[PDB]
Each structure stands twice: as C-alpha cells, then as structure tokens.
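As structure tokens, the structure follows; a few thoughts come after it.
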Amino acid sequence: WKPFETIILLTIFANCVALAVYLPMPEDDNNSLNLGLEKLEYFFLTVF
Amino acid sequence: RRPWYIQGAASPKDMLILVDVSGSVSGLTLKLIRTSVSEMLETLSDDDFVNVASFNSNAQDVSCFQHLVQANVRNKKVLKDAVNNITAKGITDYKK
C-alpha cells in the first residue's frame, strides 16, 4: 500500500524507452547499444 | 582510367580490398559494393598485386587465392566472379 504506482510506472516507462531506442538491424547484425538493451531486459523482467 | 594514365600517375601497388559483408549492408549497399569493387579492380595493371578479403565477425579470403596475386586479366576475372557471389549476414567486426 506504499506509493507503489510512482515507481512501477517509472519502471515500465523506462522499459518503453529501452524498447524505443532499440535499433532493428538486418540479417543477424547488432551494435553495442542493442547488446546493453538485452541485459536491461533482465532488470525489467525481474522486477515485474 | 586509361592504362597509360594510371601507369604514369602512380607507382605499382599491393592492394588488399577489405569488404564488409555483415548484415547491415544487405539490399542496395551490397549491390553497390559489388559494382564498386569491380570498378576498382578495373583500375589495376599487371605490375600491381591484389586480393579481396571479406569480414563479418570472421575474416576470410573471398576467393581461391589466399594471398596477393598478380592482378592480370585472368586473376581479376576470378576475383570479380568471386565478388559477385557475396551475400550479407552476420555481425560487423572491424578488428578481425
């Protein structure tokens, strides 16, 4: 019953932002920022 | 692009053409890279030496040659036919 909304909302908003700045590359290519955004989907999948 | 001009403009060369065949080049830029490598091979003479390599998370010779060859009409034919068979897939690794 603590103010949980004003933290999980910011977490899901940061998850949305990390979904947005993801760059889709053709044919199995990747860059540096796309690798650090999959290690961030372990901080966003463990909180939820 | 005339042989006499290229011959009198600069000394012979040891060219190595390093081509990027990672995934990001698929589409228009791979086709342009193929045409560009062919047009670059057409500026070489029999005193120059050449080899075409290709890298995507792994670097390998694009042809059967494995080192610098003499850049005559037959060797350049081989290199052109080997370049025109390139397909784009993988990760880009400039260090390799």
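In the structure tokens, chains take the letters A, B, ... in the order shown, each chain's residues start at 1, and ligands count up from 1 in the order shown.
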
(request) Run DSSP on the backbone and grab whatever in chain B lands in helix (DSSP H, G or I); send it over as a PyMOL selection string. (result) chain B and resi 3-9+23-25+28-41+73-83

Written selection (N, CA and C atoms) as a CSV table (one decimal), in the first residue's frame:
```csv
chain,number,residue,atom,x,y,z
B,3,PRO,N,45.0,2.9,-69.3
B,3,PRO,CA,46.2,2.3,-68.7
B,3,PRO,C,47.4,3.2,-68.7
B,4,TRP,N,47.6,4.0,-69.7
B,4,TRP,CA,48.8,4.9,-69.7
B,4,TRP,C,48.7,5.9,-68.7
B,5,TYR,N,47.5,6.5,-68.4
B,5,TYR,CA,47.3,7.5,-67.4
B,5,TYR,C,47.6,6.9,-66.0
B,6,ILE,N,47.0,5.7,-65.7
B,6,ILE,CA,47.2,5.1,-64.4
B,6,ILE,C,48.7,4.7,-64.2
B,7,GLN,N,49.3,4.3,-65.3
B,7,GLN,CA,50.7,3.8,-65.3
B,7,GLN,C,51.6,5.0,-65.0
B,8,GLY,N,51.3,6.2,-65.6
B,8,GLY,CA,52.2,7.3,-65.4
B,8,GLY,C,51.8,8.2,-64.2
B,9,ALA,N,50.7,7.9,-63.5
B,9,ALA,CA,50.3,8.7,-62.4
B,9,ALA,C,50.8,8.3,-61.0
B,23,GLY,N,25.4,-8.0,-41.9
B,23,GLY,CA,24.0,-7.9,-42.3
B,23,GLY,C,23.6,-6.6,-42.7
B,24,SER,N,24.1,-5.5,-42.1
B,24,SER,CA,23.7,-4.1,-42.3
B,24,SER,C,23.8,-3.7,-43.8
B,25,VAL,N,24.7,-4.4,-44.6
B,25,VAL,CA,24.9,-4.0,-45.9
B,25,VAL,C,24.0,-4.6,-46.9
B,28,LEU,N,20.6,-2.4,-51.0
B,28,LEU,CA,21.2,-1.6,-52.1
B,28,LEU,C,22.7,-1.4,-51.9
B,29,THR,N,23.2,-1.4,-50.7
B,29,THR,CA,24.6,-1.1,-50.4
B,29,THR,C,25.5,-2.3,-50.8
B,30,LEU,N,24.9,-3.5,-50.7
B,30,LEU,CA,25.7,-4.7,-51.1
B,30,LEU,C,25.9,-4.7,-52.6
B,31,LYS,N,24.8,-4.4,-53.3
B,31,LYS,CA,24.9,-4.3,-54.8
B,31,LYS,C,25.8,-3.2,-55.2
B,32,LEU,N,25.8,-2.1,-54.6
B,32,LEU,CA,26.7,-1.0,-54.9
B,32,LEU,C,28.1,-1.4,-54.5
B,33,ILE,N,28.3,-2.2,-53.5
B,33,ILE,CA,29.7,-2.6,-53.1
B,33,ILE,C,30.2,-3.6,-54.2
B,34,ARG,N,29.4,-4.4,-54.7
B,34,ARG,CA,29.8,-5.3,-55.7
B,34,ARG,C,30.3,-4.6,-57.0
B,35,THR,N,29.4,-3.7,-57.4
B,35,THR,CA,29.8,-2.9,-58.6
B,35,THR,C,31.0,-2.0,-58.3
B,36,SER,N,31.2,-1.5,-57.1
B,36,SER,CA,32.3,-0.7,-56.8
B,36,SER,C,33.6,-1.5,-56.8
B,37,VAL,N,33.6,-2.7,-56.2
B,37,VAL,CA,34.8,-3.5,-56.2
B,37,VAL,C,35.2,-3.9,-57.6
B,38,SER,N,34.2,-4.2,-58.5
B,38,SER,CA,34.6,-4.5,-59.9
B,38,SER,C,35.2,-3.3,-60.5
B,39,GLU,N,34.6,-2.1,-60.4
B,39,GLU,CA,35.2,-0.9,-61.0
B,39,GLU,C,36.5,-0.5,-60.4
B,40,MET,N,36.8,-0.9,-59.1
B,40,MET,CA,38.1,-0.6,-58.5
B,40,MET,C,39.1,-1.6,-59.0
B,41,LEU,N,38.7,-2.9,-59.3
B,41,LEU,CA,39.6,-3.8,-59.9
B,41,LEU,C,40.0,-3.4,-61.3
B,73,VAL,N,44.5,-10.3,-66.2
B,73,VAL,CA,43.1,-10.3,-66.7
B,73,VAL,C,42.4,-11.6,-66.1
B,74,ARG,N,43.2,-12.7,-66.0
B,74,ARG,CA,42.6,-13.9,-65.5
B,74,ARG,C,42.3,-13.9,-64.0
B,75,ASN,N,43.3,-13.4,-63.3
B,75,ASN,CA,43.1,-13.3,-61.8
B,75,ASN,C,42.0,-12.3,-61.5
B,76,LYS,N,41.9,-11.2,-62.2
B,76,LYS,CA,40.9,-10.2,-62.0
B,76,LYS,C,39.5,-10.8,-62.4
B,77,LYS,N,39.5,-11.6,-63.4
B,77,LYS,CA,38.2,-12.3,-63.7
B,77,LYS,C,37.8,-13.2,-62.6
B,78,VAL,N,38.7,-14.0,-62.0
B,78,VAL,CA,38.4,-14.8,-60.8
B,78,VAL,C,37.9,-14.0,-59.7
B,79,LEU,N,38.6,-12.9,-59.4
B,79,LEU,CA,38.2,-12.0,-58.2
B,79,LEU,C,36.8,-11.4,-58.5
B,80,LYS,N,36.5,-11.0,-59.7
B,80,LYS,CA,35.2,-10.4,-60.0
B,80,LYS,C,34.1,-11.5,-59.8
B,81,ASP,N,34.3,-12.7,-60.4
B,81,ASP,CA,33.3,-13.7,-60.3
B,81,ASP,C,33.1,-14.2,-58.8
B,82,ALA,N,34.2,-14.0,-58.0
B,82,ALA,CA,34.0,-14.4,-56.6
B,82,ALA,C,33.4,-13.3,-55.8
B,83,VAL,N,33.6,-12.0,-56.2
B,83,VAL,CA,32.9,-10.9,-55.5
B,83,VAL,C,31.4,-10.9,-55.8
```

Chain B residues near chain A within 9 Å, closest pair each, using only C-alpha atoms, as a Markdown table:
```
| residue | atom | partner | partner_atom | distance |
| --- | --- | --- | --- | --- |
| B:22 | CA | A:29 | CA | 6.6 |
| B:23 | CA | A:27 | CA | 4.6 |
| B:24 | CA | A:26 | CA | 5.4 |
| B:25 | CA | A:26 | CA | 8.2 |
| B:26 | CA | A:26 | CA | 7.2 |
| B:88 | CA | A:27 | CA | 7.5 |
| B:89 | CA | A:27 | CA | 5.3 |
| B:90 | CA | A:29 | CA | 5.2 |
| B:91 | CA | A:29 | CA | 4.6 |
| B:92 | CA | A:29 | CA | 7.1 |
```

For N, CA and C atoms, I'd like the residues from the last selection saved as an mmCIF file, in the first residue's frame.
```
data_model
loop_
_atom_site.group_PDB
_atom_site.id
_atom_site.type_symbol
_atom_site.label_atom_id
_atom_site.label_comp_id
_atom_site.auth_asym_id
_atom_site.auth_seq_id
_atom_site.Cartn_x
_atom_site.Cartn_y
_atom_site.Cartn_z
ATOM 1 N N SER B 22 28.703 -7.923 -43.450
ATOM 2 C CA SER B 22 27.802 -8.051 -42.321
ATOM 3 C C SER B 22 26.367 -7.832 -42.788
ATOM 4 N N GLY B 23 25.418 -7.985 -41.868
ATOM 5 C CA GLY B 23 24.023 -7.933 -42.258
ATOM 6 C C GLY B 23 23.554 -6.556 -42.674
ATOM 7 N N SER B 24 24.132 -5.504 -42.091
ATOM 8 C CA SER B 24 23.659 -4.147 -42.330
ATOM 9 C C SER B 24 23.846 -3.688 -43.767
ATOM 10 N N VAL B 25 24.680 -4.375 -44.554
ATOM 11 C CA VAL B 25 24.946 -3.954 -45.922
ATOM 12 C C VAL B 25 23.995 -4.583 -46.922
ATOM 13 N N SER B 26 23.097 -5.455 -46.480
ATOM 14 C CA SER B 26 22.200 -6.127 -47.404
ATOM 15 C C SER B 26 21.237 -5.133 -48.034
ATOM 16 N N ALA B 88 25.199 -11.120 -47.657
ATOM 17 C CA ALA B 88 25.398 -10.332 -46.449
ATOM 18 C C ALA B 88 24.662 -10.958 -45.270
ATOM 19 N N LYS B 89 25.409 -11.325 -44.227
ATOM 20 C CA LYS B 89 24.829 -11.839 -42.990
ATOM 21 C C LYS B 89 25.867 -11.905 -41.878
ATOM 22 N N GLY B 90 25.523 -11.444 -40.676
ATOM 23 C CA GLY B 90 26.384 -11.595 -39.524
ATOM 24 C C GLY B 90 26.570 -10.292 -38.782
ATOM 25 N N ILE B 91 27.571 -10.270 -37.904
ATOM 26 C CA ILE B 91 27.924 -9.099 -37.109
ATOM 27 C C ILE B 91 29.190 -8.484 -37.682
ATOM 28 N N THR B 92 29.317 -7.165 -37.554
ATOM 29 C CA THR B 92 30.482 -6.455 -38.061
ATOM 30 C C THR B 92 31.584 -6.455 -37.012
#
```

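Reported to one decimal place, the separation of CA of residue 42 in chain B from CA of residue 69 in chain B is 14.7 Å.
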
(request) Please provide as a ChimeraX atom specification all residues within 12 Å of residue 33 in chain A, with the sequence filter that same-chain residues fewer than 2 positions apart are discarded (counting only C-alpha atoms). (result) /A:18-25,30-31,35-40

Give me a file of those residues, with N, CA, C and O atoms, as an mmCIF file, in the first residue's frame.
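New file part35.cif:
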```cif
data_model
loop_
_atom_site.group_PDB
_atom_site.id
_atom_site.type_symbol
_atom_site.label_atom_id
_atom_site.label_comp_id
_atom_site.auth_asym_id
_atom_site.auth_seq_id
_atom_site.Cartn_x
_atom_site.Cartn_y
_atom_site.Cartn_z
ATOM 1 N N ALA A 18 13.544 1.922 -23.393
ATOM 2 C CA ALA A 18 14.514 0.942 -23.860
ATOM 3 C C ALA A 18 13.990 0.110 -25.019
ATOM 4 O O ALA A 18 14.791 -0.414 -25.797
ATOM 5 N N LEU A 19 12.674 -0.035 -25.137
ATOM 6 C CA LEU A 19 12.070 -0.622 -26.325
ATOM 7 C C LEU A 19 12.137 0.302 -27.527
ATOM 8 O O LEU A 19 12.202 -0.174 -28.663
ATOM 9 N N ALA A 20 12.113 1.615 -27.295
ATOM 10 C CA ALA A 20 12.063 2.585 -28.383
ATOM 11 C C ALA A 20 13.423 2.772 -29.046
ATOM 12 O O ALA A 20 13.521 2.781 -30.276
ATOM 13 N N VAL A 21 14.483 2.922 -28.255
ATOM 14 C CA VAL A 21 15.796 3.253 -28.799
ATOM 15 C C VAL A 21 16.483 2.001 -29.329
ATOM 16 O O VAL A 21 17.637 2.053 -29.765
ATOM 17 N N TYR A 22 15.784 0.873 -29.301
ATOM 18 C CA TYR A 22 16.305 -0.335 -29.924
ATOM 19 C C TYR A 22 16.366 -0.151 -31.433
ATOM 20 O O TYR A 22 15.405 0.316 -32.050
ATOM 21 N N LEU A 23 17.497 -0.521 -32.032
ATOM 22 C CA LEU A 23 17.685 -0.365 -33.466
ATOM 23 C C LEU A 23 17.560 -1.714 -34.146
ATOM 24 O O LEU A 23 18.361 -2.616 -33.856
ATOM 25 N N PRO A 24 16.590 -1.909 -35.032
ATOM 26 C CA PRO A 24 16.456 -3.189 -35.740
ATOM 27 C C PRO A 24 17.386 -3.254 -36.942
ATOM 28 O O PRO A 24 17.273 -2.460 -37.881
ATOM 29 N N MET A 25 18.303 -4.201 -36.916
ATOM 30 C CA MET A 25 19.314 -4.358 -37.945
ATOM 31 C C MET A 25 19.004 -5.565 -38.819
ATOM 32 O O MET A 25 18.451 -6.559 -38.344
ATOM 33 N N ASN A 30 24.069 -6.637 -35.238
ATOM 34 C CA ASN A 30 23.794 -5.927 -34.000
ATOM 35 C C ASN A 30 24.875 -4.882 -33.781
ATOM 36 O O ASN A 30 25.919 -4.893 -34.434
ATOM 37 N N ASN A 31 24.611 -3.972 -32.847
ATOM 38 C CA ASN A 31 25.604 -2.986 -32.445
ATOM 39 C C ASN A 31 25.792 -3.023 -30.937
ATOM 40 O O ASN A 31 25.295 -3.932 -30.267
ATOM 41 N N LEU A 35 23.139 -4.568 -27.564
ATOM 42 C CA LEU A 35 23.571 -5.599 -26.633
ATOM 43 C C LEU A 35 23.307 -5.223 -25.184
ATOM 44 O O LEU A 35 22.994 -6.103 -24.378
ATOM 45 N N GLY A 36 23.421 -3.944 -24.840
ATOM 46 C CA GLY A 36 23.183 -3.497 -23.485
ATOM 47 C C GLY A 36 21.716 -3.294 -23.182
ATOM 48 O O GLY A 36 21.341 -3.074 -22.029
ATOM 49 N N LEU A 37 20.873 -3.357 -24.209
ATOM 50 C CA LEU A 37 19.434 -3.290 -24.009
ATOM 51 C C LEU A 37 18.798 -4.660 -23.862
ATOM 52 O O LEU A 37 17.608 -4.744 -23.544
ATOM 53 N N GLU A 38 19.553 -5.729 -24.098
ATOM 54 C CA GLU A 38 19.099 -7.068 -23.762
ATOM 55 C C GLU A 38 19.546 -7.498 -22.375
ATOM 56 O O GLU A 38 18.887 -8.343 -21.758
ATOM 57 N N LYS A 39 20.646 -6.940 -21.872
ATOM 58 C CA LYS A 39 20.989 -7.102 -20.469
ATOM 59 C C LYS A 39 20.097 -6.261 -19.571
ATOM 60 O O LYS A 39 20.018 -6.527 -18.367
ATOM 61 N N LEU A 40 19.428 -5.258 -20.128
ATOM 62 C CA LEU A 40 18.464 -4.453 -19.395
ATOM 63 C C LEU A 40 17.083 -5.093 -19.355
ATOM 64 O O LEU A 40 16.271 -4.724 -18.504
#
```

Can you list, as a short mmCIF file (atom, residue, chain, number, x, y, z; two decimals) with N, CA, C and O atoms, in the first residue's frame, every residue of chain B that DSSP puts in strand (DSSP E)?
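Writing done, so here's result.cif:
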```cif
data_model
loop_
_atom_site.label_atom_id
_atom_site.label_comp_id
_atom_site.auth_asym_id
_atom_site.auth_seq_id
_atom_site.Cartn_x
_atom_site.Cartn_y
_atom_site.Cartn_z
N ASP B 14 50.32 -2.75 -53.80
CA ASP B 14 49.93 -4.01 -53.17
C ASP B 14 48.57 -3.76 -52.53
O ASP B 14 48.48 -3.47 -51.34
N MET B 15 47.52 -3.88 -53.32
CA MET B 15 46.18 -3.57 -52.84
C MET B 15 45.57 -4.78 -52.15
O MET B 15 45.71 -5.91 -52.61
N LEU B 16 44.92 -4.54 -51.02
CA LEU B 16 44.04 -5.53 -50.42
C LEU B 16 42.68 -4.88 -50.24
O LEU B 16 42.56 -3.86 -49.56
N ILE B 17 41.66 -5.47 -50.83
CA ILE B 17 40.31 -4.94 -50.79
C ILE B 17 39.56 -5.67 -49.68
O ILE B 17 39.32 -6.87 -49.77
N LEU B 18 39.19 -4.94 -48.64
CA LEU B 18 38.50 -5.50 -47.49
C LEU B 18 37.03 -5.11 -47.56
O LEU B 18 36.69 -3.93 -47.47
N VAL B 19 36.17 -6.11 -47.73
CA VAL B 19 34.75 -5.89 -48.00
C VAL B 19 33.95 -6.25 -46.76
O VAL B 19 34.26 -7.22 -46.06
N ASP B 20 32.91 -5.47 -46.48
CA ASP B 20 32.06 -5.65 -45.32
C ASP B 20 30.82 -6.42 -45.75
O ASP B 20 30.00 -5.90 -46.51
N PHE B 49 49.47 -5.82 -57.43
CA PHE B 49 49.08 -7.08 -56.81
C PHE B 49 47.88 -6.84 -55.90
O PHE B 49 47.78 -5.79 -55.27
N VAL B 50 46.98 -7.81 -55.84
CA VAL B 50 45.67 -7.59 -55.26
C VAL B 50 45.17 -8.88 -54.61
O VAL B 50 45.57 -9.98 -54.98
N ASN B 51 44.31 -8.71 -53.61
CA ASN B 51 43.49 -9.79 -53.06
C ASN B 51 42.27 -9.15 -52.43
O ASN B 51 42.34 -8.04 -51.89
N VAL B 52 41.14 -9.84 -52.49
CA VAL B 52 39.89 -9.35 -51.93
C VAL B 52 39.53 -10.22 -50.75
O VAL B 52 39.31 -11.43 -50.91
N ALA B 53 39.48 -9.63 -49.57
CA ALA B 53 39.04 -10.30 -48.36
C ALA B 53 37.66 -9.79 -47.96
O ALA B 53 37.17 -8.80 -48.49
N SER B 54 37.05 -10.47 -47.00
CA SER B 54 35.67 -10.20 -46.63
C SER B 54 35.48 -10.58 -45.17
O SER B 54 35.89 -11.66 -44.76
N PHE B 55 34.87 -9.69 -44.39
CA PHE B 55 34.77 -9.89 -42.96
C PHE B 55 33.35 -9.66 -42.46
O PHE B 55 32.69 -8.70 -42.87
N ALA B 59 36.95 -13.00 -40.69
CA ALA B 59 37.57 -12.53 -41.92
C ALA B 59 38.09 -13.71 -42.72
O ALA B 59 38.74 -14.60 -42.16
N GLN B 60 37.80 -13.72 -44.01
CA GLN B 60 38.24 -14.79 -44.90
C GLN B 60 38.47 -14.23 -46.29
O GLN B 60 37.88 -13.22 -46.68
N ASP B 61 39.34 -14.89 -47.04
CA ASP B 61 39.52 -14.55 -48.44
C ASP B 61 38.26 -14.88 -49.22
O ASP B 61 37.67 -15.95 -49.04
#
```

(request) Point out the residue among A:11, A:1, A:6, A:34 with the least atom-to-atom distance to residue 46 in chain A, counting only C-alpha atoms. (result) A:11

(request) Report the distance between CA of residue 64 in chain B and CA of residue 85 in chain B in Å, rounded to one decimal place. (result) 13.0 Å

(message) Just to confirm, what's the straight-line distance from CA of residue 10 in chain A to CA of residue 32 in chain A in Å (one decimal)?
(response) 24.6 Å

(message) Let me make sure I understand: among B:94, B:47, B:10, B:87, which one has the smallest atom-to-atom distance to residue 70 in chain B if we use only C-alpha atoms?
(response) B:47
